[PDB]
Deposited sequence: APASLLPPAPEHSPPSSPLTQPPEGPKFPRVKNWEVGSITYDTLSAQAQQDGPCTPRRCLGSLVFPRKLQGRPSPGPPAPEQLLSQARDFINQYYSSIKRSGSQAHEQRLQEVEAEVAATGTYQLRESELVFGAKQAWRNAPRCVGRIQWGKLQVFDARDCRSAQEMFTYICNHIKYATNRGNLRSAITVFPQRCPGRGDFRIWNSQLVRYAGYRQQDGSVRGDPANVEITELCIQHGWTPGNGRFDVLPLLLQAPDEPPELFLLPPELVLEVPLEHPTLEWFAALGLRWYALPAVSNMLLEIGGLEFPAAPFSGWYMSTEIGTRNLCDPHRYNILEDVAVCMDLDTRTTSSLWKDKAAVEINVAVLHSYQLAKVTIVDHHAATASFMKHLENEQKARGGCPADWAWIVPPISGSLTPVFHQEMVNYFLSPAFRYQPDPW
């Protein structure tokens, strides 16, 4: 009574036995599938803890031993005395890697074991927080040879407010409302841009203005910090055989670093745990630049390419989009900044799926997000059936602190 899982390109079949351990409930019922939706005490804290502790001791091939019963005994003791408990550093590193490994919308998970974990649980203020973040950005960027990392700030605890990063990513471009009712810059960042303005930030008027950080220390208003310009590596976009493309003035940043997700580890919650990797070329080329509700350059490129934009049957959109993706890959390589194309990315995810079936008996995966947004069926994940479910440790969405 585990689902059978077939790859239709190759004929392979597997059964997802891991989905039986799913430690939460999604939005789907037997009546109706909702897989496509973007947004799907002392005693329950104990069972999440116990399960996580059991997980940690399995991966160190020491389950059911002395140390295991001891650590299980310590935790309930501490939840009795304090209502919560503290992770050992090795548990935190393991918990943070498992969270990534468990993330169903991440096609990058072949890398989940190479994860640099920064322990900032001793963080005291918004100023210390900022220093940790610049240290993350510096390490992760590594002058173009990008490295995966995560910085863990102190956990939610009774008595104190949360540490929160208000920015959805550490590096984002401003989006300014215009006189045409429009947006100058990035329309997805209009709200945080208006929050930065009303917290003292003096805005620019360009299209690639890097936003300041809004950092919230517990029970403190958010404080504004400017990223030093030398810290944010950017890549100017040019096309290898379309020379007028460099005159569009387009840039993107090197480091994708998600900063508004909640990391959950054995019942403990970390509302601030930014993590960073490296880009897959379609996130920039296809989503960031071509989404109509983003930078929306697709017609401008196609017009410049002297394509026939009157009729859809000329496939001008598909043609413009492909060259924009080509320009992004060429540009990042010319600048020596790590980037993976959607063909290499999805081929390695398939290797991740086979590695995960042998170790855990399955792999949580959200097909609508794993398949790339152009050339879907040209990649090997298209023809692969996938099972989506929530394991813990996990990264979860959380409401905006404003």
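> Hey, which stretches of the deposited sequence didn't make it into the model?
Replying inline: Missing CA coords at 1-26, 67-78.
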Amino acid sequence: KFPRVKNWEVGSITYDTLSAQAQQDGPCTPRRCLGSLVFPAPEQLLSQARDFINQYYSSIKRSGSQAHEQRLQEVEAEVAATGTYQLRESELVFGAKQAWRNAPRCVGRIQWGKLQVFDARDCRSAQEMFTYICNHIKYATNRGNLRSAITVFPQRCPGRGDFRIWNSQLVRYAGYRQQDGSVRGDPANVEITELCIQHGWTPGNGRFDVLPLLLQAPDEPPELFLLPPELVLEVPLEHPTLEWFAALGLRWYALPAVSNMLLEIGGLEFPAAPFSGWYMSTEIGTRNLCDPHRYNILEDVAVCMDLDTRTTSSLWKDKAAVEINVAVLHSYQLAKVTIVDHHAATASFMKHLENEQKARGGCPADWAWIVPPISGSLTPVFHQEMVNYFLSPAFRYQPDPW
From here on, numbers count along this sequence of modelled residues.
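We call the rigid core whatever largest set of C-alpha positions still superposes within 1.5 Å between the two forms.
>> After superposing on the rigid core, which of 248-256 and 176-184 has its C-alpha atoms sitting farther from this form in 8 other deposited structures of this protein?
In response: Most displaced of the pair in 8 other deposited structures of this protein: 176-184.
> So which moves more in 8 other deposited structures of this protein by CA, 218-226 or 152-160, given a superposition on the core?
Replying inline: Result of the core-fitted comparison in 8 other deposited structures of this protein: 152-160 deviates more.
> In the PDB record, does 219-227 or 164-172 carry the higher mean Cα temperature factor?
Replying inline: Of 164-172 and 219-227, the stretch with the higher C-alpha B-factor average is 219-227.
>> Quick check: 82-90 versus 267-275, which has the larger average CA B-factor in the record?
In response: Averaging CA B-factors over each stretch, the winner is 82-90.
> Whose CA atom has the top B-factor in the entry, of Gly206, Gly249, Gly95, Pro203?
Replying inline: So the option with the highest C-alpha B-factor is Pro203.
>> By the CA temperature factor listed in this entry, which of these ranks top: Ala344, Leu353, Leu46, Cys33?
In response: Of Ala344, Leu353, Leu46, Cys33, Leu46 has the highest C-alpha B-factor.
> Where does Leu391 sit by CA temperature factor within its chain: lowest, middle or highest third?
Replying inline: As the PDB entry reports it, the C-alpha B-factor of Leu391 lands in the middle third of its chain.
>> Using only modelled residues of the chain, where does the Cα B factor of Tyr57 rank: lowest third, middle third or highest third?
In response: Its C-alpha B-factor belongs to the highest third of this chain's values.
>> Is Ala67 in the lowest, middle or highest third of its chain when residues are ranked by C-alpha B-factor?
In response: It belongs to the highest third of the chain when residues are ordered by C-alpha B-factor.
> How does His199 rank on Cα B-factor within its chain, lowest, middle or highest third?
Replying inline: Answer is highest: the recorded C-alpha B-factor places it there.
> Which third, lowest, middle or highest, does the CA B-factor of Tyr397 fall in along this chain?
Replying inline: It belongs to the lowest third of the chain when residues are ordered by C-alpha B-factor.
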